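What's in protein.cif: mmCIF, C-alpha atoms
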data_query
#
loop_
_atom_site.label_atom_id
_atom_site.label_comp_id
_atom_site.auth_asym_id
_atom_site.auth_seq_id
_atom_site.Cartn_x
_atom_site.Cartn_y
_atom_site.Cartn_z
CA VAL A 5 93.26 93.00 120.28
CA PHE A 6 96.46 94.06 122.09
CA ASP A 7 99.47 91.88 122.87
CA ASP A 8 99.43 91.13 126.61
CA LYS A 9 103.23 90.90 126.55
CA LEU A 10 103.39 94.52 125.38
CA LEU A 11 100.79 95.62 127.93
CA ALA A 12 102.93 94.02 130.65
CA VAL A 13 105.86 96.23 129.64
CA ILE A 14 103.70 99.31 130.08
CA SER A 15 102.50 98.01 133.44
CA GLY A 16 106.03 97.37 134.69
CA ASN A 17 107.39 100.87 134.10
CA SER A 18 106.34 104.44 134.97
CA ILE A 19 108.25 106.59 132.50
CA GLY A 20 108.40 106.69 128.72
CA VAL A 21 108.93 108.83 125.65
CA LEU A 22 105.94 110.97 124.78
CA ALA A 23 105.57 112.04 121.15
CA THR A 24 103.20 114.80 120.03
CA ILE A 25 102.90 116.62 116.70
CA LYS A 26 104.37 120.11 116.24
CA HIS A 27 103.06 122.65 113.74
CA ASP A 28 105.60 121.78 111.04
CA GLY A 29 104.52 118.15 111.29
CA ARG A 30 107.61 117.02 113.20
CA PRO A 31 107.18 114.97 116.39
CA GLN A 32 108.07 116.63 119.70
CA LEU A 33 109.75 114.20 122.11
CA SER A 34 110.14 114.23 125.90
CA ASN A 35 110.69 111.88 128.85
CA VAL A 36 107.53 111.79 130.97
CA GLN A 37 106.09 110.04 134.01
CA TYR A 38 102.81 108.17 133.38
CA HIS A 39 99.99 106.18 134.95
CA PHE A 40 98.57 103.14 133.18
CA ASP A 41 95.00 101.99 133.84
CA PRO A 42 95.12 98.30 132.74
CA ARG A 43 91.34 97.85 132.84
CA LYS A 44 90.24 100.97 130.97
CA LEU A 45 93.36 100.64 128.80
CA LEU A 46 94.46 104.24 129.01
CA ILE A 47 97.59 106.17 129.88
CA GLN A 48 97.68 109.48 131.72
CA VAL A 49 100.45 112.06 131.91
CA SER A 50 100.79 115.63 133.22
CA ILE A 51 102.13 118.36 130.90
CA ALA A 52 102.41 122.14 130.99
CA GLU A 53 99.95 123.80 128.58
CA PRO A 54 101.87 123.71 125.28
CA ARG A 55 103.20 126.86 123.62
CA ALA A 56 104.80 127.80 120.31
CA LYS A 57 105.40 124.87 117.94
CA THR A 58 104.12 122.38 120.53
CA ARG A 59 100.70 124.04 120.82
CA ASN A 60 99.58 122.22 117.66
CA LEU A 61 98.74 119.44 120.14
CA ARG A 62 95.48 121.33 120.77
CA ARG A 63 94.24 120.95 117.17
CA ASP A 64 95.83 117.55 116.39
CA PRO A 65 95.88 115.45 119.62
CA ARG A 66 97.34 112.28 118.05
CA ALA A 67 100.04 110.99 120.40
CA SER A 68 102.19 107.99 121.29
CA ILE A 69 104.38 106.87 124.18
CA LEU A 70 107.24 104.38 124.02
CA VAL A 71 108.00 102.35 127.15
CA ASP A 72 111.21 100.40 127.72
CA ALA A 73 111.19 96.81 128.88
CA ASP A 74 113.74 95.48 131.39
CA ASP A 75 115.69 93.34 128.93
CA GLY A 76 118.08 94.34 126.18
CA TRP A 77 115.95 95.78 123.36
CA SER A 78 112.27 95.13 124.06
CA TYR A 79 109.77 97.99 124.16
CA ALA A 80 106.08 98.77 123.75
CA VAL A 81 104.45 101.75 122.09
CA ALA A 82 100.94 102.89 122.97
CA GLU A 83 99.19 104.94 120.29
CA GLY A 84 95.98 106.96 120.51
CA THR A 85 94.13 110.28 120.33
CA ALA A 86 94.73 112.32 123.47
CA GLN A 87 92.07 114.12 125.48
CA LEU A 88 93.21 117.24 127.34
CA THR A 89 91.74 119.07 130.31
CA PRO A 90 91.82 122.83 130.29
CA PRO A 91 95.04 124.14 131.88
CA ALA A 92 95.06 124.46 135.67
CA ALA A 93 94.13 128.05 136.58
CA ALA A 94 92.95 127.88 140.20
CA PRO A 95 94.42 125.78 143.06
CA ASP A 96 91.05 124.08 143.51
CA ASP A 97 89.58 123.79 140.01
CA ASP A 98 88.57 120.49 138.39
CA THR A 99 91.89 120.17 136.58
CA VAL A 100 93.97 120.36 139.78
CA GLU A 101 91.66 117.89 141.49
CA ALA A 102 92.25 115.53 138.57
CA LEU A 103 96.02 116.10 138.80
CA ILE A 104 95.95 115.25 142.50
CA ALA A 105 94.35 111.91 141.66
CA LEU A 106 97.03 111.34 139.02
CA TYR A 107 99.83 112.11 141.48
CA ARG A 108 98.27 109.64 143.92
CA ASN A 109 98.19 106.94 141.25
CA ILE A 110 101.82 107.48 140.24
CA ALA A 111 103.61 108.42 143.47
CA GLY A 112 101.03 108.07 146.22
CA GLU A 113 100.13 110.53 148.98
CA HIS A 114 101.85 113.92 148.60
CA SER A 115 103.48 115.57 151.63
CA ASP A 116 102.22 119.10 150.98
CA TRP A 117 99.09 119.07 148.82
CA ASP A 118 98.90 122.86 149.07
CA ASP A 119 102.33 123.21 147.50
CA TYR A 120 101.31 120.78 144.76
CA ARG A 121 98.16 122.74 143.91
CA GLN A 122 100.03 126.02 143.45
CA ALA A 123 102.74 124.28 141.43
CA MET A 124 100.09 122.92 139.04
CA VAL A 125 98.67 126.40 138.56
CA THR A 126 102.09 128.03 138.15
CA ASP A 127 102.91 125.48 135.44
CA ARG A 128 99.49 125.75 133.72
CA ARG A 129 99.39 121.95 134.08
CA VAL A 130 97.18 119.89 131.81
CA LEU A 131 96.15 116.29 132.45
CA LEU A 132 96.58 114.38 129.20
CA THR A 133 94.53 111.20 128.93
CA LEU A 134 95.47 108.81 126.15
CA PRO A 135 92.95 106.02 125.52
CA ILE A 136 94.91 103.26 123.79
CA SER A 137 93.88 102.53 120.20
CA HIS A 138 96.96 100.64 118.96
CA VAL A 139 99.86 98.89 120.69
CA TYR A 140 103.04 97.81 118.89
CA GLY A 141 106.72 97.16 119.47
CA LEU A 142 109.08 94.31 120.37
CA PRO A 143 107.84 91.95 123.15
CA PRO A 144 110.33 90.74 125.79
CA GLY A 145 110.57 87.00 126.33
CA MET A 146 111.17 84.46 129.08
CA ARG A 147 113.93 85.76 131.35
CA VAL B 5 127.46 126.45 125.89
CA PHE B 6 124.07 124.88 126.65
CA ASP B 7 124.13 122.83 123.43
CA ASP B 8 127.35 121.20 124.63
CA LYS B 9 125.39 119.72 127.54
CA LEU B 10 122.85 118.16 125.18
CA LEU B 11 125.57 116.83 122.89
CA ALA B 12 127.37 115.24 125.87
CA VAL B 13 124.21 113.25 126.57
CA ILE B 14 124.19 112.01 122.97
CA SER B 15 127.92 111.26 122.99
CA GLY B 16 127.57 109.23 126.19
CA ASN B 17 125.07 106.67 124.89
CA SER B 18 124.60 104.15 122.06
CA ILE B 19 120.83 103.65 122.11
CA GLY B 20 117.96 106.06 121.55
CA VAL B 21 114.33 106.45 120.52
CA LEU B 22 113.87 107.23 116.85
CA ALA B 23 110.74 109.05 115.76
CA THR B 24 109.77 108.96 112.10
CA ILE B 25 106.59 110.28 110.52
CA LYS B 26 103.91 107.89 109.22
CA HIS B 27 102.03 108.25 105.94
CA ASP B 28 99.17 109.89 107.84
CA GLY B 29 101.42 112.32 109.73
CA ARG B 30 101.37 110.53 113.09
CA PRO B 31 104.73 109.85 114.79
CA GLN B 32 106.13 106.28 114.66
CA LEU B 33 108.45 105.27 117.51
CA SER B 34 111.12 102.59 117.95
CA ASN B 35 114.57 102.28 119.49
CA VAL B 36 117.85 102.14 117.61
CA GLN B 37 121.54 101.47 118.16
CA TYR B 38 123.71 104.35 116.99
CA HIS B 39 127.15 105.86 116.65
CA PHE B 40 127.71 109.56 117.20
CA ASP B 41 130.36 111.31 115.14
CA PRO B 42 131.50 114.41 117.07
CA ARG B 43 133.62 115.44 114.08
CA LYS B 44 130.68 116.13 111.75
CA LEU B 45 127.97 116.08 114.42
CA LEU B 46 126.21 113.07 112.91
CA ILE B 47 124.20 110.18 114.29
CA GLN B 48 124.57 106.97 112.27
CA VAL B 49 122.27 103.98 112.39
CA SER B 50 121.75 100.75 110.43
CA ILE B 51 118.18 100.05 109.29
CA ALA B 52 116.47 97.51 107.01
CA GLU B 53 114.61 98.66 103.90
CA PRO B 54 111.38 96.73 104.64
CA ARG B 55 110.99 98.16 108.17
CA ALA B 56 108.32 100.76 108.94
CA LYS B 57 110.82 103.42 110.01
CA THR B 58 112.75 103.09 106.75
CA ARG B 59 109.64 103.27 104.57
CA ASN B 60 108.58 106.35 106.55
CA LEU B 61 111.98 107.98 106.05
CA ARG B 62 111.92 107.28 102.29
CA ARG B 63 108.79 109.44 101.97
CA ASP B 64 109.62 112.05 104.64
CA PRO B 65 113.28 112.06 105.81
CA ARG B 66 112.67 114.28 108.84
CA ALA B 67 113.81 112.44 111.95
CA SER B 68 114.31 112.93 115.68
CA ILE B 69 116.18 110.80 118.21
CA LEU B 70 115.86 111.06 121.98
CA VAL B 71 118.73 109.79 124.14
CA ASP B 72 118.73 109.33 127.93
CA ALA B 73 121.50 110.70 130.15
CA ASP B 74 123.25 108.37 132.59
CA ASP B 75 120.59 109.17 135.21
CA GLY B 76 117.90 107.66 132.99
CA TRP B 77 115.61 110.70 133.28
CA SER B 78 117.49 113.71 131.88
CA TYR B 79 117.64 113.65 128.08
CA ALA B 80 118.57 115.25 124.79
CA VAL B 81 116.77 115.17 121.44
CA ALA B 82 118.50 115.55 118.08
CA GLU B 83 116.43 116.83 115.17
CA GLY B 84 117.52 116.77 111.55
CA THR B 85 116.88 115.52 108.03
CA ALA B 86 117.96 111.94 107.37
CA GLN B 87 120.25 110.94 104.53
CA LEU B 88 119.81 107.31 103.49
CA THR B 89 122.01 105.20 101.26
CA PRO B 90 120.30 102.90 98.81
CA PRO B 91 119.87 99.41 100.28
CA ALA B 92 122.87 97.07 100.11
CA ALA B 93 122.53 95.30 96.73
CA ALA B 94 125.88 93.54 96.30
CA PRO B 95 128.41 92.34 98.91
CA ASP B 96 130.97 94.84 97.63
CA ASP B 97 128.96 98.01 96.98
CA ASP B 98 129.43 101.37 98.71
CA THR B 99 126.45 100.85 101.01
CA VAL B 100 128.05 97.69 102.37
CA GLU B 101 131.39 99.45 102.82
CA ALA B 102 129.65 102.23 104.74
CA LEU B 103 127.95 99.63 106.96
CA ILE B 104 131.29 97.94 107.61
CA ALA B 105 132.60 101.30 108.79
CA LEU B 106 129.61 101.67 111.11
CA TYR B 107 130.00 98.16 112.51
CA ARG B 108 133.61 98.93 113.41
CA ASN B 109 132.50 102.07 115.23
CA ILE B 110 129.67 100.36 117.14
CA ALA B 111 130.81 96.79 117.82
CA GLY B 112 134.44 96.62 116.70
CA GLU B 113 136.20 94.30 114.24
CA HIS B 114 133.88 91.65 112.80
CA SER B 115 135.17 88.06 112.75
CA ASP B 116 133.98 87.25 109.24
CA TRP B 117 133.53 90.31 107.02
CA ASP B 118 132.43 88.20 104.06
CA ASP B 119 129.58 86.86 106.16
CA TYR B 120 128.69 90.40 107.24
CA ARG B 121 128.67 91.58 103.63
CA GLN B 122 126.25 88.81 102.64
CA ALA B 123 124.08 89.54 105.68
CA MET B 124 123.77 93.24 104.82
CA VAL B 125 122.57 92.38 101.32
CA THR B 126 120.18 89.69 102.53
CA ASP B 127 118.54 92.15 104.92
CA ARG B 128 118.52 95.04 102.45
CA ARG B 129 120.43 97.12 105.02
CA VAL B 130 120.63 100.90 104.73
CA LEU B 131 122.92 103.34 106.50
CA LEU B 132 120.96 106.21 108.03
CA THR B 133 123.02 109.35 108.55
CA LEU B 134 121.30 112.04 110.59
CA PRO B 135 123.21 115.30 110.68
CA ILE B 136 122.17 117.09 113.88
CA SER B 137 120.60 120.38 112.85
CA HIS B 138 118.97 121.20 116.17
CA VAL B 139 119.08 119.86 119.73
CA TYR B 140 116.74 120.37 122.66
CA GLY B 141 115.82 118.71 125.92
CA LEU B 142 116.49 118.70 129.65
CA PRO B 143 120.12 117.72 130.33
CA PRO B 144 121.54 116.79 133.74
CA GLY B 145 121.10 119.61 136.20
CA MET B 146 117.82 120.74 134.66
CA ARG B 147 115.70 117.87 136.07
#

Let me see the file written as structure tokens.
Amino acid sequence: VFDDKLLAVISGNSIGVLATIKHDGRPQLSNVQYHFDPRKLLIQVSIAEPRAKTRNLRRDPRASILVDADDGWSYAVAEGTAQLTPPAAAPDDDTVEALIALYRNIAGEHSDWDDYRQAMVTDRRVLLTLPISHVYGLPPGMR
Amino acid sequence: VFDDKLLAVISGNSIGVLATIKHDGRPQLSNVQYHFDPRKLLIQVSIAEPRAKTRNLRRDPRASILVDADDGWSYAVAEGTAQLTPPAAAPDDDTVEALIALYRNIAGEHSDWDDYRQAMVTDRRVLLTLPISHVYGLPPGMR
């Protein structure tokens, strides 16, 4: 279904442009760090619980992330309907535990897990899981 | 002021991620080459009529462009309402002249302007002018 060349771009990077839908219908853009599960074909990112115009994400979870290739203009865009965990509220709740696994997948073992836990709570962190439904873009070539 | 920091990010780059809105309301992402006019605070890009982004802009002109700072992580996002010229129809029309102006600003003096003129018509090129109405993001020093 998906172009392996585009999936390779996603696999060879760890940051991209996340796009969600604001109340007025306009996309909200940001540079985020992500984890890509190549078998389950899903992308995971950590965000603070949205507020104001960005909160619309809660009622319309359609999202996309653009990832840059290593050549001149190539890029891949993963599209899907995001699933969100409730915001982190306790240093040991299910959400934080899930965010610890995400951190491990993206950066590895943290130096002060206790600091991390409180940071997640202070930022009302949400783990956004985006199962990939559509992949498009411009595939890089032999180089 | 703070906006000056976001505008400096935009002024210091020539590529960004354009987000248009699909027929169904979902964001559509792609990258684009651009020229920033500090004089009128405009972002100018060359797009082809048949492309998805152009068709999206013809129905809903709202657009956003995210640009990375020189650190590749900090960024700025320009939000505004796109103004599109009709597609180049004749080698000497105003749309072509506007595209010649853009080419000079982005790449410099073309070797064969007559060839460029023909090319713009063949590709149904359009000049996208995005006056920056609002800017947001996390400029250097905030990440």

Problem set entry | Residue IDs satisfying the PyMOL selection byres ((chain B and resi 80-84) around 6), as a ChimeraX atom specification | /B:10,67-71,79,85,135-141

Problem set entry | Residue members of the PyMOL selection byres ((chain A and resi 50) around 6) in the file shown, as an MDAnalysis selection string | chainID A and resid 49 51 130:132

Generate a file of the selected residues that holds C-alpha atoms, formatted as an mmCIF file, in the frame of the given file.
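And here's selection_0.cif as it stands now:
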data_model
loop_
_atom_site.group_PDB
_atom_site.id
_atom_site.type_symbol
_atom_site.label_atom_id
_atom_site.label_comp_id
_atom_site.auth_asym_id
_atom_site.auth_seq_id
_atom_site.Cartn_x
_atom_site.Cartn_y
_atom_site.Cartn_z
ATOM 1 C CA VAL A 49 100.450 112.060 131.910
ATOM 2 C CA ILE A 51 102.130 118.360 130.900
ATOM 3 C CA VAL A 130 97.180 119.890 131.810
ATOM 4 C CA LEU A 131 96.150 116.290 132.450
ATOM 5 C CA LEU A 132 96.580 114.380 129.200
#

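Superposing chain B on chain A by least squares over every C-alpha atom, paired in sequence order, leaves a C-alpha RMSD of 2.1 Å.
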
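Note on the selection: in this file the PyMOL selection byres ((chain B) within 7 of (chain A)) comes out as residues 23, 29, 30, 31, 33, 70 and 77 of chain B.
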
Problem set entry | Residue with smallest distance to residue 40 (chain B) - pool B:56, B:86, B:61, B:11, counting all atoms listed in the file |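 Of B:56, B:86, B:61, B:11, the one nearest residue 40 (chain B), counting all atoms listed in the file, is B:11.
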
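Between CA of residue 7 (chain A) and CA of residue 47 (chain A) the interatomic distance comes to 16.0 Å.
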
Exercise. Distance CA of residue 42 (chain A)-CA of residue 101 (chain A), one decimal place?
Worked result: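 Calculated distance between CA of residue 42 (chain A) and CA of residue 101 (chain A) is 21.7 Å.
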
Problem set entry | Nearest to residue 27 (chain A), chosen from A:147, A:39, A:62, A:57, with only C-alpha atoms counted in the distances |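 Closest to residue 27 (chain A), using only C-alpha atoms: A:57.
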
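Here CA of residue 123 (chain A) and CA of residue 96 (chain A) stand 11.9 Å from one another.
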
Take region 127-143 of chain B, model N, CA and C atoms, and hand the result over as a short mmCIF file (atom, residue, chain, number, x, y, z; two decimals), in the coordinates of the input.
data_model
loop_
_atom_site.label_atom_id
_atom_site.label_comp_id
_atom_site.auth_asym_id
_atom_site.auth_seq_id
_atom_site.Cartn_x
_atom_site.Cartn_y
_atom_site.Cartn_z
N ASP B 127 119.50 91.34 104.17
CA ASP B 127 118.54 92.15 104.92
C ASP B 127 118.23 93.50 104.31
N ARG B 128 118.76 93.77 103.12
CA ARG B 128 118.52 95.04 102.45
C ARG B 128 118.88 96.20 103.39
N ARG B 129 120.01 96.09 104.07
CA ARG B 129 120.43 97.12 105.02
C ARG B 129 120.74 98.48 104.39
N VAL B 130 120.44 99.52 105.15
CA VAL B 130 120.63 100.90 104.73
C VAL B 130 121.35 101.63 105.85
N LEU B 131 122.23 102.56 105.49
CA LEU B 131 122.92 103.34 106.50
C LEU B 131 122.20 104.68 106.59
N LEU B 132 121.67 104.97 107.77
CA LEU B 132 120.96 106.21 108.03
C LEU B 132 121.93 107.19 108.68
N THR B 133 122.15 108.31 108.02
CA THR B 133 123.02 109.35 108.55
C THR B 133 122.12 110.53 108.88
N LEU B 134 122.12 110.92 110.15
CA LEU B 134 121.30 112.04 110.59
C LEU B 134 122.16 113.18 111.08
N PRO B 135 122.40 114.18 110.22
CA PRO B 135 123.21 115.30 110.68
C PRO B 135 122.36 116.09 111.67
N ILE B 136 122.90 116.35 112.85
CA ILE B 136 122.17 117.09 113.88
C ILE B 136 122.05 118.56 113.53
N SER B 137 120.83 118.99 113.20
CA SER B 137 120.60 120.38 112.85
C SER B 137 120.18 121.18 114.07
N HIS B 138 119.46 120.53 114.98
CA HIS B 138 118.97 121.20 116.17
C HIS B 138 118.91 120.21 117.34
N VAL B 139 119.16 120.71 118.54
CA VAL B 139 119.08 119.86 119.73
C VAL B 139 118.29 120.58 120.80
N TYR B 140 117.52 119.82 121.57
CA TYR B 140 116.74 120.37 122.66
C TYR B 140 116.56 119.30 123.72
N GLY B 141 116.02 119.68 124.87
CA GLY B 141 115.82 118.71 125.92
C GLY B 141 116.09 119.25 127.30
N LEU B 142 116.23 118.34 128.26
CA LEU B 142 116.49 118.70 129.65
C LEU B 142 117.68 117.89 130.12
N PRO B 143 118.90 118.41 129.92
CA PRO B 143 120.12 117.72 130.33
C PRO B 143 120.33 117.69 131.83
#
